[PDB]
Amino acid sequence: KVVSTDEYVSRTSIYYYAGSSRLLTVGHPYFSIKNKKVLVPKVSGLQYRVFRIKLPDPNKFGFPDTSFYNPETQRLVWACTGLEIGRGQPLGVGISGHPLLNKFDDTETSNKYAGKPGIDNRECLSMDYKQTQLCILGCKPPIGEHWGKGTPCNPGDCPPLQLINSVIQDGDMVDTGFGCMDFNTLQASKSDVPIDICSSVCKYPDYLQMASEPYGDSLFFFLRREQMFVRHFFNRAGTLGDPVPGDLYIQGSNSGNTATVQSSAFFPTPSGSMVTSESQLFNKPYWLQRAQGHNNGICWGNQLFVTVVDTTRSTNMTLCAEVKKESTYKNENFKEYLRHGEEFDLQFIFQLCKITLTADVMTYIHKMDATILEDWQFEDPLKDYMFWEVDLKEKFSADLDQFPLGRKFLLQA
Amino acid sequence: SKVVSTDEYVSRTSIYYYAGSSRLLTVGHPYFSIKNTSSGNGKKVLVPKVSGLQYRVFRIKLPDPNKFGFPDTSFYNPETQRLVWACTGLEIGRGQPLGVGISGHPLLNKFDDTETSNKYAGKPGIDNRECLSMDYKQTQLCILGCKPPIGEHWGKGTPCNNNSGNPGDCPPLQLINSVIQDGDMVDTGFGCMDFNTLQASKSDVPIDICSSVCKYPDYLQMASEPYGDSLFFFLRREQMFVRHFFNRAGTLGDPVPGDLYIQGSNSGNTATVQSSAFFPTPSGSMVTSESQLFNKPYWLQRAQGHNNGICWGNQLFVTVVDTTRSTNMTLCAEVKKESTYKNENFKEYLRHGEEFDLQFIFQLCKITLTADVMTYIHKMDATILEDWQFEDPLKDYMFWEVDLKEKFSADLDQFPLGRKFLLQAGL
Amino acid sequence: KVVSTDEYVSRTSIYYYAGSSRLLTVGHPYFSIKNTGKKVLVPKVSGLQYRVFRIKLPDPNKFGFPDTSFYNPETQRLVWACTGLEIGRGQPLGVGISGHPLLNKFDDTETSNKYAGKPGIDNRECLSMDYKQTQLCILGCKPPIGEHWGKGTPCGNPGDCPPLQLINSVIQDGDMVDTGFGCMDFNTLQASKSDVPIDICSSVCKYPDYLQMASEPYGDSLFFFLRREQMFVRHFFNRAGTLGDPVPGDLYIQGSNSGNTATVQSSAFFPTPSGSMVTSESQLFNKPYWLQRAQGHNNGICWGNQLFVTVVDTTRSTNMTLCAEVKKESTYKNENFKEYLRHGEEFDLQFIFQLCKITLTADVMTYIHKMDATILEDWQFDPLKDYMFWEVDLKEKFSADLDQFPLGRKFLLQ
Amino acid sequence: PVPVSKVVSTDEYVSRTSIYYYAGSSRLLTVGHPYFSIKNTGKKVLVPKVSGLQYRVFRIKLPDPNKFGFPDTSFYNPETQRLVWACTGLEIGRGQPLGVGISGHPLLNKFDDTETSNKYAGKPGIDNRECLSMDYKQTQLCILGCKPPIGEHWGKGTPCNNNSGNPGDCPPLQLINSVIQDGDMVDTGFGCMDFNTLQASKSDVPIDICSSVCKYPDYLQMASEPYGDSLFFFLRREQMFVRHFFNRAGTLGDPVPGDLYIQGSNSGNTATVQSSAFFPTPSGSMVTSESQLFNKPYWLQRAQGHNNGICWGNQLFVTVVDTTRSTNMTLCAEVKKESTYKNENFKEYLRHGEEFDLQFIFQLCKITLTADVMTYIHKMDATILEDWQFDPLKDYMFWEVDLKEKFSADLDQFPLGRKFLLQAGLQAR
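The deposited coordinates for this entry were obtained by X-ray crystallography, with a reported resolution of 2.751 Å.

A. Broad picture of the overall build of chain C. When you go through chain C residue by residue, the secondary structure sums to five helices and 21 strands. Taken along its principal axes, the extent of the C-alpha atoms in chain C is 95 × 65 × 45 Å. Across the 414 residues of chain C, 65% fall into the buried class. Of the roughly 15600 Å² of accessible surface on chain C, a fraction of 50% belongs to carbon and sulfur atoms. Here chain C holds 41 positive side-chain charges and 46 negative ones, and the gap between their average locations is 4 Å.

B. Main features of a nonpolar patch on the surface. Residues and elements named next belong to chain D. Residues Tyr120, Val256, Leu260, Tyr261 and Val273 make up a contiguous nonpolar surface patch of about 450 Å² in total accessible area. Structurally, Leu260 can be placed in the loop between β14 (241–247) and β15 (278–283). Relative accessible area serves as the criterion here: at 60%, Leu260 is assigned to the exposed category.

C. Broad picture of unusual backbone geometry. Cis geometry is found at the peptide bond from A:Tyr113 to A:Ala114, where omega equals 5°. Summarising the element assignment, A:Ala114 is placed in the loop between β7 (96–101) and β8 (123–127). Omega for the peptide link from B:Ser164 to B:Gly165 comes to 5°, which places this bond in the cis form. Within the secondary structure, B:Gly165 sits in the loop between β8 (150–156) and β9 (173–179). The backbone phi angle of A:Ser255 is positive, close to 60°, even though this residue is not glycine. Its place among the elements puts A:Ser255 in the loop between β15 (239–240) and β16 (266–271). In this model, B:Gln96 sits at a positive phi of 75°, which is unusual for a non-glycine residue.

D. Molecular detail of the side chain of C:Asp220. All names here are of chain C. By the secondary structure assignment, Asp220 is in the loop between α2 (210–215) and β12 (224–238). No salt bridge is formed by the buried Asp220; its nearest oppositely charged neighbour, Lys142, is found at 5.1 Å. If we ignore the near neighbours within four places in the chain, the residues touching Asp220 are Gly140, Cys141, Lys142, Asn298 and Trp303.

E. Representation of the environment of B:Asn36 within the structure. Residue and element names in this part refer to chain B. Following the sequence through the fold, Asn36 ends up in the loop between β2 (24–28) and β3 (56–61). Since its relative accessible area comes to 8%, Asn36 is described here as buried. Aside from chain neighbours lying at most four places away, what touches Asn36 is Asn41, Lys44 and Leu46. Within the structure, the side chain of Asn36 is placed 2.8 Å from the backbone oxygen of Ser38, a separation counted as a polar contact. Within the structure, the side chain of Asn36 is placed 2.8 Å from the side chain of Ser39, a separation counted as a polar contact.

F. Local environment of the interface of chain C and chain D. Each side of the interface is counted separately: chain C has 86 residues, and chain D has 73 residues. Roughly 6800 Å² of surface becomes buried between chain C and chain D when both sides are summed, with 58% attributable to carbon and sulfur atoms. When residues of chain C are sorted by the area they lose upon contact with chain D, C:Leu211, C:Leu251 and C:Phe269 head the list and together hold 11% of the total. The interface formed by chain C and chain D holds four salt bridges in total. Of the charged contacts, one joins D:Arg243 and C:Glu110 as a salt bridge, the two residues approaching to 3.8 Å between their closest N and O atoms. Summed over the shared surface of chain C and chain D, the result is 38 residue pairs in polar contact. Of all the secondary structure elements, the ones that give two or more residues to the side of chain C that touches chain D are β8 (145–151), β9 (164–170), α2, β12, β13 (242–243) and β14 (269–274) of chain C. The class makeup of the residues in the side of chain C that touches chain D is 35 nonpolar, 33 polar and 18 charged. Pairing of β13(C) with strand β20 (residues 346–368) of chain D, which is carried by two bridges, proceeds in the parallel orientation. The partner of C:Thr242 across the bridge, within β20(D), is D:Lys347.

G. Highlighting the pairing of strand β14 (residues 278–283) of chain B. With respect to burial, β14(B) is a largely interior element, six of its six residues being buried. Because side chains alternate across β14(B), one face comprises the buried residues B:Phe278, B:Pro280 and B:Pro282, and the other comprises B:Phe279, B:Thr281 and B:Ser283, equally buried.

H. The sheet that holds strand β8 (residues 138–145) of chain D, seen in detail. Residues and elements named next belong to chain D. The strand order across the open sheet formed by five strands is β13-β8-β18-β4-β21, and the pairing between neighbours is mixed. In this open sheet, the two strands that pair with only one neighbour each are β13 (233–239) and β21 (399–402). Looking at each pair of strands side by side, their axes are set apart by 15° on average, direction ignored. In terms of strand pairing, strand β4 (residues 56–61) meets strand β18 (residues 315–322) through six bridges, oriented antiparallel. The partner of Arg59 across the bridge, within β18, is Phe317.

I. Seen up close, the environment of B:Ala382. With respect to the helices and strands, B:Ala382 occurs in helix α4 (residues 382–388). For the pair B:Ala382 and B:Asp322, spaced 60 residues apart in sequence, the C-alpha to C-alpha distance is 36 Å.

J. How the structure looks around the packing of aromatic side chains. Scanning the model with the defined rule gives 117 aromatic pairs over all chains in all. Relative to D:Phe70, the ring of D:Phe68 has its centre 5.1 Å away and its plane inclined at 70°; by these criteria the two rings are edge-to-face. Residue class for D:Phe68 comes out partly exposed when judged on its relative accessible area of 23%. Looking at D:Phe70, the relative accessible area reads 11%, which means it is buried. Within the aromatic cluster, the residues linked to one another by ring pairs are A:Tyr16, A:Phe61, A:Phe63, A:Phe68, A:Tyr69, A:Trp78, A:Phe348, A:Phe350 and A:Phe396.

K. The arrangement of the interface of chain B and chain C in detail. Each side of the interface is counted separately: chain B has 84 residues, and chain C has 74 residues. Regarding the contact of chain B and chain C, the summed buried area is about 6700 Å², with carbon and sulfur atoms giving 58% of it. When the buried surface of chain B facing chain C is broken down by residue, B:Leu220, B:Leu260 and B:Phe278 rank first, second and third, together holding 10% of it. On the surface where chain B and chain C come into contact, there are five salt bridges. Where C:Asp401 meets B:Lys2, a salt bridge forms, and the shortest distance between an N and an O atom there is 3.6 Å.

L. Region of the structure containing a positive patch on the surface. Residue and element names in this part refer to chain C. On the surface, a cluster of positive charge is made up of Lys56, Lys62, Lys385 and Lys395. Looking at where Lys56 falls in the secondary structure, it is placed in strand β3 (residues 51–56). A residue is classified by how much of its surface remains accessible, and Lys56, at 42% relative accessible area, is partly exposed.

M. Quick peek at the pairing of strand β19 (residues 346–368) of chain B. Summarising burial for β19(B): 20 of the 23 residues are buried, a large majority. Examined bridge by bridge, β15(A) and β19(B) share two bridges and lie parallel to one another. The residue of β19(B) that forms the bridge with A:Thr239 is B:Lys347. By the bridge criterion, seven bridges tie strand β1 (residues 11–20) of chain B to β19(B) in an arrangement that is antiparallel. By the bridge assignment for β19(B), B:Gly20 is matched with B:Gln359. Bridge count for β2(B) against β19(B) is five bridges, and the pairing is antiparallel. In the strand pairing of β19(B), B:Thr26 is matched with B:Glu354.

Rules used in this analysis
Sequence-order numbering is used: residues on each chain count from 1 as written, possibly diverging from the entry numbering, and only residues with coordinates are shown. Chains carry letters and ligands carry numbers; both start at the beginning, A for chains and 1 for ligands, and go up in the order they are written. In this view the chains form part of a larger assembly, and all numbers refer to the visible part. For the side-chain quantities, the full set of heavy atoms in the structure was used; hydrogens and water were omitted. For helices the rule is a DSSP run of H or I covering at least 4 residues; for strands it is a run of E covering at least 2, with both sets numbered from the N terminus onward. Relative accessibility decides the category of a residue: with a 1.4 Å probe and only protein chains considered, values under 20% of the type maximum give buried, values over 50% give exposed, and everything between is partly exposed. Working definition of accessibility: Shrake-Rupley area with a 1.4 Å probe, residue cover restricted to the visible protein chains. Only four residue types enter the charge count, namely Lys and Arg as positive and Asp and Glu as negative; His and the chain termini do not. Taken as the charge location is NZ of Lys, CZ of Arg, CG of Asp or CD of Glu. Residues enter patches when they are more than 30% accessible in relative terms and free of salt bridges; like-charged ones are connected within 9 Å and nonpolar ones (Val, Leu, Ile, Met, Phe, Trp, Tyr) within 5 Å. Counted as salt bridges are all cases of a side-chain nitrogen of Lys or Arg within 4 Å of a carboxyl oxygen of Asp or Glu. Note on definitions: a residue-residue contact is assigned when non-hydrogen atoms from the two residues lie within 4.5 Å. In protein, a polar contact requires one atom able to donate a hydrogen and another able to accept it; more generally it is a pair of N or O atoms within 3.5 Å, and residues adjacent in sequence count only if both atoms are side-chain atoms. Summed over both partners, the accessible area lost on bringing two parts together, with a 1.4 Å probe, is the buried area. Any residue outside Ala, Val, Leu, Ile, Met, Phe, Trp, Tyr, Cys, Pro, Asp, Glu, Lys and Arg is labelled polar, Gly included; the first ten of those are nonpolar and the last four are charged. Pairing between two strands requires that DSSP report at least two bridges joining them. To get an axis, fit a line to the C-alpha atoms, keeping to the stretch in contact for a helix; angles then go from 0 to 180 degrees between the N-to-C directions. Ring pairs shown here join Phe, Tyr and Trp side chains whose ring centres sit within 6.5 Å, with only the six-membered ring taken for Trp; geometry is labelled stacked below 30 degrees between planes, edge-to-face above 60, and tilted in between.

Have a look at this one:
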């Protein structure tokens, strides 16, 4: 029914290079600063970077010789054969926190009876998140999963849970150790997780669903490296919604310090441990020899999506400005800010391909994505989504050895 | 009267089929089930117990190939032969991110911290239980077979004969073999034992196992079974270390003998020995991508036993333990909306989700039913011949039933694990 | 001149399998418990013990072979050779802990220890620890030999430092492995009984004298060995008691009374060990080991129809907490419960043996008589009874049908 | 055929025979105190200082092969040739279990813990020294040569044409080379320096090095020596991390300049800066079997330098550092037996033991003494020719191993000899 592109896409020996040059974004690691207009965007090492790469239409490309294909019966398309995801900045680890995190007691070694909550025991705590590197390559944007609030099927009842699929947009937050969930709707107090995710949605890639799509336009390939361990053991203030059933313990004696049980609403903090050079997924070329799905790297619609998560460069810079210059130090004379910067350099190598548009081939392409034939001459549904637009229309070059990944292609292949 | 490889009487065809379960989901409470305590019956389960520390035991049901609508049935003779599926490939898919969950007890029997400083004063009192938590021993495993897997655990034994029997004597210990069901608890760092009967206070281990049985797979026994129906193969990866050093309140049942220490001087803080009922807390350390046993295909080339991947009775069992995704989600609902924060305005809940996708590749097999072969199969399992036309003892057990009757396909390259098959075998 | 057994022992193509079936022992991890007077009700069973199995093989010269035409009983004798071995281990991976309710720890000397305070009369504390992690297995036809430090000859005041002497001995089943405090006779070299935890504080901790076993001429003790040890220093303490060797004055500028420092604190430091993580990938057991070429001249020949398997495996040292109810009441009271500790070790020994023949010429009979005269005497052509071994009888357990058993299917592939 | 103006590999003038010999030391044992020697209280030693943090420098003495009782002397011509041993294999045997010892100082100059909380203020006072201990940087190494190894360490330099230096000024530093002797201390995490001269208070490092020199091998220098007699080969495995963050008491000699901070207020806790004389404690982390350099044979195929394993002067030097078996044993003796425990009734001691077994395989070589060779060897070391008939190292301390009466041709009678006959593809004579 669905076939590999190898049966209807003819490969040429024409290769082209394209590079984005330096890409930079600088912002605040925890929240955007709105003063709804954005003066400082939210820029964090815990964000998905989803690049929408724009390719020149090869059927309208200023080819110097157009005698290799026949516009009467054939059309051109680019296929991706190589990719290098460049990363600037040193390796480093950032930290996130909440000035009013709902931590009550430390339950690791010493938590004797007793001490009941009271009105507000929130504390000012921070942590380092779960370490994640990942890259996804495809010609349609990737699909993630997260837990959201279900249908009502009472005030303070546990919300029903539902697994949600969505397109991963640029700026979405990756999971951090507290799971892939919509914190804005499932944590009402805004105090159970750090402020950079407490009103955000944390998404994890739906690798299983993307792998099982028939055409395979979302996942040509992927790399991932996750790690975390549990750094501290806490519990929550607030009323325990699901009290421990009586058959799981012998109750304490009345008129005894143990006769009202403490909350078993435990929660861990995560930690990503070390970041290392030898673990890097980036700054090294990856050659697509054979995709996992039926789309063997064909960039339908003359576009390509590169999804990147890299927490190994998440260092948040401390900036300090002087309010009044005086001969002795006073805290009131200085203001403290946080800024984060991410640096990328996307390099690609593309292969020119031609498609003979017989009767059977045009039917198959129409069933796959009718917009492919309509664009070939033989509004955009993604405009509601947020992507980092990379325009490579005028960036194609045929002289590969002028550029880093092209010199590597002329050797490594 | 000799057990032989299934290769001696089962012929392989070149017919291969793919089957996939699609996404499998369960959501629940990581420590205990919630069962309509007020306003109804005890049995009525509103929220099941779902924890990354549980066994997932899938009973996969295959369509009967002798009744399957094959497009060409000229490869075998129903007059003299019967068909059976063989497992050649398997991918255990896992959704959800890697993560680590935490378990605890609001009244855990921890007395003193015995790691660095534990000076003499020493007598516990009536109730010194604390609200403590911990992260468990990390375990990954997968076992594949056509009969359910067998575990081991320690249970209360029977007392020596003509031997009493005073209350509070140390319980007799007995190693018990049993079938591992879906929802059984894996060992967590405190061993494989029946905590319900061997720990009477209900307070010596966290609440998600303190009334459970924690089982460990009896790999040795499954391997030494003559036919090898429980163990086609297995992968396992365990790790833990000791994070903290505690001791117990309560009377020390076996006092330290006097030849092992010089007693302290009376009228001195050392005149009554502290409890040497020590216990550690475990810790599973990091979870990493490179350690994963899952999300990658495994091909049965040669099973360890005599059953070389033959799925007798058109069923197969896939056993999984995966604590590398045990993150417990914190849910918080608002009781009253107010302009300032008050603890009494919010309720805290815990929920855990497990995501699976099981993919298989099966090879069609035919069996010529000669006189010796029917005799052999009858000794092995007479119910095999009865089903072929030539109640179920597993109905008391709990399995995650996966019905693949309507899920078999001959178009292998339409599916992920099938495209991968077409590269490996070179077909 | 000692020669390899390859020069006078002929190999046949006859192989046999033998398995012990499941082996279980349960006990108290720290000490044995006696009756009601002299009796072991609960043995001392600990993940820190050597397990030394004495495997008894059927005499092949008296064995009921289905075919006895491969050798000449007038001029030849039979003996077994070990070619394969799988040391099965049940029970989950885990770490147990040991301690002492009256451990001689004084101060924590890691980070903060200011000069305030004269030691006193009795400062022992109730502390525990995780031991150094050790896996090993040694295979031979004579029991293995260990090393440990013991009390020497005095050559003499009472509190003087005991003289040290390195002592060799046979490693018996139930002996304690080194734990991080060294291989020494703690019963004699630590008089207070409080400097190390109670499960070794009156025991002898032995380490295998690998150097001596390898350099013995016949090589009957060590066909091969595997070992994997690891530990780090978890805490830094010092001792109470009078410091026997005071620090010489040329190593410091003495303190003043205004600093409270004019009496030095005890520099009898001691670390606690820690074995760190136990992992699946580090395991020595539950996988076959094939003897192709032994290290010594005895290439796996089981003289006397016996084989010794020495094992240490601390990676399954979990100590179970058992809790019994004295009185059932509706509320919790500590006095209603008694707390116990139990440990269980599960083994399953599988072997594959190769039948061998020896032509008993005059030279060979001369050589074998020089090596061990009891070999010829038993062929018709026990000083180890004072030692404690886990006896494993395989006389009635040999089978020629190799593929009926786990290690026999694995043998038929490799 | 060997030029006098240039140094050449020994392969150009040393002929190898097919004669191989085994020699083993058997068990080597030393027991002592891990921190200091215990004397007789003029200067006689009752218990030596024995520590896993010491260099073991073995001087192995071989039989002169020109005077050795060979059964058949027809493989060379004593009229025109002389014999010398070449080392082809080595196994450094190590007994005792793996373990880690700890060192300390009852009066260590630690003031505050500067890792997490060190608030203002805190008055130094006259004496704040504490009783602290630590585990040292983990080090394994082995070096083989026919001359003793050369170490490096920092010492007090000479102050020339300038006597205007004040008492308590920072001493001038100078990198010093020396022969590493048996019993010298390896660096522990505080660097390779002469602590006796560069740390005057005697309290800034633990007592087992505070009046010692910690030396590190000058690998770069030994490798660049023309003849290469000190370095046939070497193996090394070092590791450490920072366990604690402390600072020193005493006056800070180099105060932090004012352009590096905004000063505090005079009537405020901050107007006298605390000492930024920081110092870490080290930690060697785990010791593991999989990391061992020893108890495995090492075969010399081709040395890095020009001396390709020739044992000139019929001697060999084996240098070993192994902190992976550094467990210090706790010994406790009873002063008075009483029915109850009293601290005063017991004495606490420390003892450390090191166990070795050195095994070698030597290859016999012959040297045809033509005119060019005699000139070449005379320029290299005239004592070689003089001993052949054709001392200065006794001021240094080495663990002397006499193997004169220990050579054997029956290679397969011995552990390393069996290992040699397999790696060489030989079958026992």
